[PDB]
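Here is how names work: the chains are called A, B, and so on, in the same order as the sequence lines, proteins then strands, and each is numbered from 1.
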Number of protein chains: 2
Amino acid sequence: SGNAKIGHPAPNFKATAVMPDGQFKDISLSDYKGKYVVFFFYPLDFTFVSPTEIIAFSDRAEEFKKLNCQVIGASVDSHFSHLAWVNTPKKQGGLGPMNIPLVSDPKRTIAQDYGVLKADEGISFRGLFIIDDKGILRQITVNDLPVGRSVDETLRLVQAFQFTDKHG
Amino acid sequence: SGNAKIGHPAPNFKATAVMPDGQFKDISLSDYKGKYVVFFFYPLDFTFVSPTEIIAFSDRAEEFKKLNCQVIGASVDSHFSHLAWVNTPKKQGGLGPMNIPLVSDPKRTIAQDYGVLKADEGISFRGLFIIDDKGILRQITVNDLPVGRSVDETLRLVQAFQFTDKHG
Ligand SMILES: O=C(/C=C/c1ccc(O)c(O)c1)O[C@H](Cc1ccc(O)c(O)c1)C(=O)O
């Protein structure tokens, strides 16, 4: 199940995203060749654990930019849903303005390609993938729904892969 | 692809391990039902990223014991190779005495079952799996060969799954 394999090219995708400026744009994983990419899935918009994760990554996007690394979040919700959540203030339980793009995967094909579809519910597990500047998958993380991810740990991994990339 | 699926029983195994007392014993994942298990693969013995991880999990095994959690390491090397590394003095790059068992997977079937065999080389990637006290797989972590895992992160995940098990 899925085509995400360590040491092999990460599965490409082309999807509509809500961009940091608040507007829609169709983006592809291949747009970010030359940069490391952290690509993470969350189950659903308008939930309780996912916003804490999304906001944590968005708040700390600058730490990833200094590592020449693009962060991209994704769920199976529509792109309109993403925009409604961004336009809901954080004070009121929304995401607020974002520093990272949020991809919409409404046909669930990206989640299936990455092997993180919870088939009996049509939603993704908490999958996170680290892809190097050549597009090669370097790291797979999948959490069951109840437990969120750590930005600290993700930064540690990105830094460590970049460090070992310099060896010869 | 393997048979390790979030929310499903983690694949059972029965394999020879070198135990903390330095003796060989055949153990099974099902021996630890009723406790959380952290089951991690490392690629080969007598290497220079794996020992940092193994020694860290061994050194801090009491923190997992406080969480009622058993840590188990594994590689495709023979159990004789495992013990030779344990018996190598730490000052010469050895593991030293271990607080955790080290499973031998010489047929590569356990790595295949867990979807972490690097097929063109016959060794495992750095897979780590968190399995709950009912035997259900809760978390999947797979790193490419160059980059090690974090005990802190593993403890964070084990504790968080146990907390959400009780309330949520
Ligand atoms: O000993 C090492 C060191 C890996 C490493 C350490 C630093 C680097 O910058 C880098 O590119 C690779 O890895 C081995 C795993 C391994 C086994 C076989 C290989 O052909 C391999 O490339 C790595 C281990 O720790 O078990």
Review point. Among B:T164, B:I130, B:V158, which residue meets the side chain to side chain contact (heavy atoms under 4.5 Å, CB included) test with A:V147?
Key: B:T164
Check your understanding: According to a 4.5 Å side-chain heavy-atom criterion applied to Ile, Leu, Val, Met, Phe, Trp and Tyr, with indirect links allowed, do A:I55 and A:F64 form part of one hydrophobic cluster?
Key -> yes
Check your understanding: Considering only heavy atoms, which portion of A:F161 lies under 4.5 Å from any heavy atom of chain B: side chain, backbone, both, or neither?
Key -> both
Review point. More than 12 non-hydrogen atoms from neighbouring residues, nucleotides or ligands closer than 6.0 Å to NZ on A:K118, yes or no?
Key: yes
Practice item. Please determine which of B:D144, B:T141, B:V142 meets the side chain to side chain contact (heavy atoms under 4.5 Å, CB included) test together with A:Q139. Key: B:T141
Review point. Just wondering, more than 12 heavy atoms not from A:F24 lying within 6.0 Å of its CZ?
Key: yes
Practice item. Select one option (side chain, backbone, both, neither) describing which atoms of B:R156 are under 4.5 Å from chain A's heavy atoms. Key: side chain
Check your understanding: Quick one: does A:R138's side chain get under 4.5 Å of B:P146's, heavy atoms only?
Key -> yes
Exercise for review: Report yes or no: do A:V116 and A:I72 belong to one cluster of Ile/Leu/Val/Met/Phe/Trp/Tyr joined by side chain heavy-atom distances under 4.5 Å?
Suggested key: yes
Point to revise | A:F46, CZ atom: more than 12 neighbouring heavy atoms under 6.0 Å | key: yes
Check your understanding: What's the spacing between A:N143 CG and B:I140 CD1 if we round to 0.5 Å?
Key -> 9.5 Å
